[PDB]
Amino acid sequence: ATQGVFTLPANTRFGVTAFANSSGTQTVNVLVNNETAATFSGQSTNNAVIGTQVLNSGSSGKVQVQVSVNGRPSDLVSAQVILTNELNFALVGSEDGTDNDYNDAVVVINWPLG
């Protein structure tokens, strides 16, 4: 199934934050309505916050996360969870190798903000 694609409320600000846990340098690209809106990168095996940014989901609300290492796309896992019918998290894990810890880049999208 497709992973890393979320329909957010239209025209709404959201946070997107990436954490690294791998010997490989991660590159995280965040697309809004199919165009790159943020790129984060770094290399840590201790959960460094390699990027965090506030973006607007735009008129369609479509947000997609893709992760690569060495130009090679990582395998993604994702889900969205909503607490008390209002607080939202869109969650992504990714695997760049063979150990299947899926934490090599971790991306959290949260809304609403403010």
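Residues carry their position along the shown sequence, with the first being 1.
Student: Would you mind comparing 32-40 and 48-56 for me and telling me which has the higher average C-alpha temperature factor in the entry?
Tutor: Looking at the recorded C-alpha B-factors, 32-40 comes out higher on average.
Student: Test of understanding: from the entry's C-alpha B-factors, which stretch has the higher mean, 67-75 or 81-89?
Tutor: Going by the record's values, the stretch with the higher mean is 67-75.
Student: Grab the CA temperature factor for residue 107 from the record and place it in the lowest, middle or highest third of its chain.
Tutor: As the PDB entry reports it, the C-alpha B-factor of residue 107 lands in the lowest third of its chain.
Student: Taking the chain's C-alpha temperature factors as the reference, tell me which third residue 23 falls into: lowest, middle or highest.
Tutor: According to the entry, residue 23 has a C-alpha B-factor in the chain's highest third.
Student: Determine, from the deposited record, the chain-internal third of the Cα B-factor for residue 12: lowest, middle or highest.
Tutor: Its C-alpha B-factor belongs to the middle third of this chain's values.
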